[PDB]
Amino acid sequence: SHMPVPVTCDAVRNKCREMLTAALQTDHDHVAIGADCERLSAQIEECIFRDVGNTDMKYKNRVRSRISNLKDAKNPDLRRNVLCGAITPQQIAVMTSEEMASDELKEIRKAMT
């Protein structure tokens, strides 16, 4: 079974979720693709929350680094794959920041894998 978009919890988790939304809303890219960003953020959020959701240290830093990759000019196609459903919230969350940054690997899913 997969989990639906979760409750706000507290001003930590809801803030992290809305800042991932704001990384998608800072540009009208999601409007051109026709994907609603506010649900997409929460789907990725619950997938990454399983490891990172402990609000002690990594949950604070990982969200900031994630926002950067969602609005980045050196890899602008990364958001394109997520918004169009080419890479699912589950797969992009368990993918490392190194592989997300690589322009080759965000288009290599099952190619020679």
# chains A, B, ... in the order shown; residues from 1 in each chain; ligands from 1
call {"tool": "residues_around", "arguments": {"residues": "segment 55-64 of chain A", "least_positions_apart": "4", "cutoff": "10 Å", "atoms": "only C-alpha atoms", "output": "PDB file with N, CA and C atoms, in the first residue's frame"}}
result
ATOM      1  N   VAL A  12       6.827  22.681  11.669  1.00  0.00           N
ATOM      2  CA  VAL A  12       8.062  22.147  11.040  1.00  0.00           C
ATOM      3  C   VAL A  12       7.726  21.453   9.697  1.00  0.00           C
ATOM      4  N   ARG A  13       6.887  20.394   9.772  1.00  0.00           N
ATOM      5  CA  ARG A  13       6.583  19.519   8.614  1.00  0.00           C
ATOM      6  C   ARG A  13       5.791  20.260   7.513  1.00  0.00           C
ATOM      7  N   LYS A  15       5.732  23.474   7.022  1.00  0.00           N
ATOM      8  CA  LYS A  15       6.663  24.488   6.489  1.00  0.00           C
ATOM      9  C   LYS A  15       7.604  23.878   5.430  1.00  0.00           C
ATOM     10  N   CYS A  16       8.128  22.678   5.716  1.00  0.00           N
ATOM     11  CA  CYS A  16       8.991  21.929   4.777  1.00  0.00           C
ATOM     12  C   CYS A  16       8.233  21.573   3.475  1.00  0.00           C
ATOM     13  N   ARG A  17       6.988  21.101   3.643  1.00  0.00           N
ATOM     14  CA  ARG A  17       6.075  20.731   2.538  1.00  0.00           C
ATOM     15  C   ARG A  17       5.751  21.962   1.642  1.00  0.00           C
ATOM     16  N   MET A  19       7.463  24.863   1.419  1.00  0.00           N
ATOM     17  CA  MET A  19       8.724  25.367   0.810  1.00  0.00           C
ATOM     18  C   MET A  19       9.138  24.518  -0.425  1.00  0.00           C
ATOM     19  N   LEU A  20       8.839  23.203  -0.390  1.00  0.00           N
ATOM     20  CA  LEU A  20       8.978  22.316  -1.580  1.00  0.00           C
ATOM     21  C   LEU A  20       7.948  22.698  -2.671  1.00  0.00           C
ATOM     22  N   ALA A  23       9.257  26.002  -4.214  1.00  0.00           N
ATOM     23  CA  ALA A  23      10.313  25.656  -5.198  1.00  0.00           C
ATOM     24  C   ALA A  23       9.717  25.340  -6.593  1.00  0.00           C
ATOM     25  N   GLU A  45       7.221  14.417  -0.213  1.00  0.00           N
ATOM     26  CA  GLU A  45       7.473  14.724   1.203  1.00  0.00           C
ATOM     27  C   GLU A  45       7.286  13.470   2.074  1.00  0.00           C
ATOM     28  N   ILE A  48      10.165  10.833   1.335  1.00  0.00           N
ATOM     29  CA  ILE A  48      11.465  11.217   1.942  1.00  0.00           C
ATOM     30  C   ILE A  48      11.361  11.291   3.499  1.00  0.00           C
ATOM     31  N   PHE A  49      10.133  11.539   4.019  1.00  0.00           N
ATOM     32  CA  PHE A  49       9.834  11.662   5.482  1.00  0.00           C
ATOM     33  C   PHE A  49      10.157  10.362   6.262  1.00  0.00           C
ATOM     34  N   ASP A  51      12.770   8.296   6.022  1.00  0.00           N
ATOM     35  CA  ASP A  51      14.175   8.396   6.503  1.00  0.00           C
ATOM     36  C   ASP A  51      14.448   9.762   7.197  1.00  0.00           C
ATOM     37  N   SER A  68      16.615  23.938  -3.833  1.00  0.00           N
ATOM     38  CA  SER A  68      17.674  24.378  -4.768  1.00  0.00           C
ATOM     39  C   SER A  68      17.640  23.580  -6.091  1.00  0.00           C
ATOM     40  N   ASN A  69      17.582  22.239  -5.973  1.00  0.00           N
ATOM     41  CA  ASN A  69      17.512  21.308  -7.132  1.00  0.00           C
ATOM     42  C   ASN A  69      16.189  21.450  -7.940  1.00  0.00           C
ATOM     43  N   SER A  97      21.121  13.022  -4.108  1.00  0.00           N
ATOM     44  CA  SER A  97      21.319  14.399  -4.638  1.00  0.00           C
ATOM     45  C   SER A  97      22.339  14.447  -5.804  1.00  0.00           C
TER      46      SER A  97
END
call {"tool": "residues_around", "arguments": {"residues": "residue 38 of chain A", "least_positions_apart": "5", "cutoff": "9 Å", "atoms": "only C-alpha atoms", "output": "short mmCIF file (atom, residue, chain, number, x, y, z; two decimals) with C-alpha atoms, in the first residue's frame"}}
result
data_model
loop_
_atom_site.label_atom_id
_atom_site.label_comp_id
_atom_site.auth_asym_id
_atom_site.auth_seq_id
_atom_site.Cartn_x
_atom_site.Cartn_y
_atom_site.Cartn_z
CA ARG A 17 6.08 20.73 2.54
CA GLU A 18 5.04 24.35 1.52
CA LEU A 20 8.98 22.32 -1.58
CA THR A 21 5.69 23.66 -3.12
CA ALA A 22 7.30 27.18 -3.32
CA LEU A 24 7.70 24.51 -7.80
CA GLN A 25 5.65 27.84 -7.56
#
call {"tool": "select_by_dssp", "arguments": {"residues": "chain A", "states": "alpha helix (DSSP H)", "output": "JSON, numbers by chain"}}
result
{"A": [13, 14, 15, 16, 17, 18, 19, 20, 21, 22, 23, 24, 25, 29, 30, 31, 32, 33, 37, 38, 39, 40, 41, 42, 43, 44, 45, 46, 47, 48, 49, 50, 51, 52, 58, 59, 60, 61, 62, 63, 64, 65, 66, 67, 68, 69, 70, 77, 78, 79, 80, 81, 82, 83, 89, 90, 91, 92, 93, 94, 97, 98, 99, 100, 101]}
call {"tool": "closest_residue", "arguments": {"among": "A:37, A:78, A:44, A:5", "to": "residue 104 of chain A", "atoms": "only C-alpha atoms"}}
result
A:78
call {"tool": "atom_distance", "arguments": {"atom1": "atom CA of residue 82 of chain A", "atom2": "atom CA of residue 9 of chain A"}}
result
24.8 Å
call {"tool": "residues_around", "arguments": {"residues": "residue 108 of chain A", "least_positions_apart": "3", "cutoff": "12 Å", "atoms": "only C-alpha atoms", "output": "list in words"}}
result
residues 78, 81, 86, 87, 99, 100, 102, 103, 104, 105, 111, 112 and 113 of chain A
call {"tool": "closest_residue", "arguments": {"among": "A:80, A:66, A:50, A:71", "to": "residue 31 of chain A", "atoms": "only C-alpha atoms"}}
result
A:80
call {"tool": "decode", "arguments": {"residues": "segment 69-96 of chain A", "atoms": "N, CA and C atoms", "output": "PDB file, in the first residue's frame"}}
result
ATOM      1  N   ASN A  69      17.582  22.239  -5.973  1.00  0.00           N
ATOM      2  CA  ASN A  69      17.512  21.308  -7.132  1.00  0.00           C
ATOM      3  C   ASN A  69      16.189  21.450  -7.940  1.00  0.00           C
ATOM      4  N   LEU A  70      15.105  21.839  -7.245  1.00  0.00           N
ATOM      5  CA  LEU A  70      13.763  22.028  -7.860  1.00  0.00           C
ATOM      6  C   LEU A  70      13.654  23.344  -8.675  1.00  0.00           C
ATOM      7  N   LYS A  71      14.559  24.311  -8.426  1.00  0.00           N
ATOM      8  CA  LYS A  71      14.577  25.621  -9.144  1.00  0.00           C
ATOM      9  C   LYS A  71      15.921  25.880  -9.880  1.00  0.00           C
ATOM     10  N   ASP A  72      16.802  24.862  -9.930  1.00  0.00           N
ATOM     11  CA  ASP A  72      18.198  25.024 -10.403  1.00  0.00           C
ATOM     12  C   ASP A  72      18.300  25.268 -11.937  1.00  0.00           C
ATOM     13  N   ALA A  73      19.236  26.164 -12.335  1.00  0.00           N
ATOM     14  CA  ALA A  73      19.461  26.545 -13.754  1.00  0.00           C
ATOM     15  C   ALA A  73      20.474  25.613 -14.478  1.00  0.00           C
ATOM     16  N   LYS A  74      21.347  24.923 -13.706  1.00  0.00           N
ATOM     17  CA  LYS A  74      22.339  23.961 -14.265  1.00  0.00           C
ATOM     18  C   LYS A  74      21.677  22.593 -14.556  1.00  0.00           C
ATOM     19  N   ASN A  75      20.553  22.304 -13.865  1.00  0.00           N
ATOM     20  CA  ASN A  75      19.684  21.152 -14.195  1.00  0.00           C
ATOM     21  C   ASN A  75      18.178  21.553 -14.100  1.00  0.00           C
ATOM     22  N   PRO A  76      17.647  22.312 -15.123  1.00  0.00           N
ATOM     23  CA  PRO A  76      16.226  22.752 -15.148  1.00  0.00           C
ATOM     24  C   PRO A  76      15.244  21.656 -15.636  1.00  0.00           C
ATOM     25  N   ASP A  77      15.772  20.596 -16.275  1.00  0.00           N
ATOM     26  CA  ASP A  77      14.959  19.458 -16.748  1.00  0.00           C
ATOM     27  C   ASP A  77      14.576  18.498 -15.589  1.00  0.00           C
ATOM     28  N   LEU A  78      15.287  18.587 -14.439  1.00  0.00           N
ATOM     29  CA  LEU A  78      15.007  17.735 -13.249  1.00  0.00           C
ATOM     30  C   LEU A  78      13.529  17.862 -12.783  1.00  0.00           C
ATOM     31  N   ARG A  79      13.074  19.123 -12.597  1.00  0.00           N
ATOM     32  CA  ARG A  79      11.662  19.437 -12.262  1.00  0.00           C
ATOM     33  C   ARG A  79      10.690  18.950 -13.373  1.00  0.00           C
ATOM     34  N   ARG A  80      11.098  19.076 -14.662  1.00  0.00           N
ATOM     35  CA  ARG A  80      10.272  18.665 -15.835  1.00  0.00           C
ATOM     36  C   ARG A  80       9.847  17.177 -15.749  1.00  0.00           C
ATOM     37  N   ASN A  81      10.818  16.293 -15.428  1.00  0.00           N
ATOM     38  CA  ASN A  81      10.574  14.837 -15.262  1.00  0.00           C
ATOM     39  C   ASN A  81       9.591  14.542 -14.097  1.00  0.00           C
ATOM     40  N   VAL A  82       9.725  15.284 -12.988  1.00  0.00           N
ATOM     41  CA  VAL A  82       8.884  15.083 -11.781  1.00  0.00           C
ATOM     42  C   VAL A  82       7.418  15.555 -12.021  1.00  0.00           C
ATOM     43  N   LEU A  83       7.278  16.789 -12.552  1.00  0.00           N
ATOM     44  CA  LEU A  83       5.970  17.447 -12.819  1.00  0.00           C
ATOM     45  C   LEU A  83       5.122  16.671 -13.867  1.00  0.00           C
ATOM     46  N   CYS A  84       5.788  16.133 -14.916  1.00  0.00           N
ATOM     47  CA  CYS A  84       5.110  15.359 -16.000  1.00  0.00           C
ATOM     48  C   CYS A  84       4.891  13.872 -15.615  1.00  0.00           C
ATOM     49  N   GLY A  85       5.412  13.450 -14.443  1.00  0.00           N
ATOM     50  CA  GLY A  85       5.246  12.066 -13.952  1.00  0.00           C
ATOM     51  C   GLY A  85       6.178  11.033 -14.608  1.00  0.00           C
ATOM     52  N   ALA A  86       7.253  11.506 -15.271  1.00  0.00           N
ATOM     53  CA  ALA A  86       8.303  10.631 -15.853  1.00  0.00           C
ATOM     54  C   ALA A  86       9.092   9.900 -14.736  1.00  0.00           C
ATOM     55  N   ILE A  87       9.501  10.670 -13.711  1.00  0.00           N
ATOM     56  CA  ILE A  87      10.055  10.132 -12.450  1.00  0.00           C
ATOM     57  C   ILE A  87       9.014  10.352 -11.327  1.00  0.00           C
ATOM     58  N   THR A  88       8.548   9.254 -10.703  1.00  0.00           N
ATOM     59  CA  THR A  88       7.523   9.310  -9.632  1.00  0.00           C
ATOM     60  C   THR A  88       8.108   9.857  -8.300  1.00  0.00           C
ATOM     61  N   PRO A  89       7.266  10.552  -7.451  1.00  0.00           N
ATOM     62  CA  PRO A  89       7.650  11.036  -6.089  1.00  0.00           C
ATOM     63  C   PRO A  89       8.463  10.026  -5.229  1.00  0.00           C
ATOM     64  N   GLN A  90       8.094   8.736  -5.320  1.00  0.00           N
ATOM     65  CA  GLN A  90       8.786   7.632  -4.614  1.00  0.00           C
ATOM     66  C   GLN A  90      10.260   7.478  -5.084  1.00  0.00           C
ATOM     67  N   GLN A  91      10.456   7.476  -6.418  1.00  0.00           N
ATOM     68  CA  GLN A  91      11.776   7.234  -7.056  1.00  0.00           C
ATOM     69  C   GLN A  91      12.721   8.451  -6.932  1.00  0.00           C
ATOM     70  N   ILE A  92      12.175   9.673  -7.082  1.00  0.00           N
ATOM     71  CA  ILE A  92      12.977  10.920  -6.998  1.00  0.00           C
ATOM     72  C   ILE A  92      13.415  11.215  -5.531  1.00  0.00           C
ATOM     73  N   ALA A  93      12.610  10.742  -4.552  1.00  0.00           N
ATOM     74  CA  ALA A  93      12.920  10.887  -3.110  1.00  0.00           C
ATOM     75  C   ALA A  93      14.065   9.939  -2.675  1.00  0.00           C
ATOM     76  N   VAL A  94      13.989   8.652  -3.096  1.00  0.00           N
ATOM     77  CA  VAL A  94      15.022   7.633  -2.768  1.00  0.00           C
ATOM     78  C   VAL A  94      16.301   7.795  -3.640  1.00  0.00           C
ATOM     79  N   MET A  95      16.194   8.556  -4.754  1.00  0.00           N
ATOM     80  CA  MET A  95      17.366   8.954  -5.572  1.00  0.00           C
ATOM     81  C   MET A  95      18.260   9.941  -4.773  1.00  0.00           C
ATOM     82  N   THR A  96      19.593   9.743  -4.823  1.00  0.00           N
ATOM     83  CA  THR A  96      20.559  10.626  -4.122  1.00  0.00           C
ATOM     84  C   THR A  96      20.719  11.977  -4.861  1.00  0.00           C
TER      85      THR A  96
END
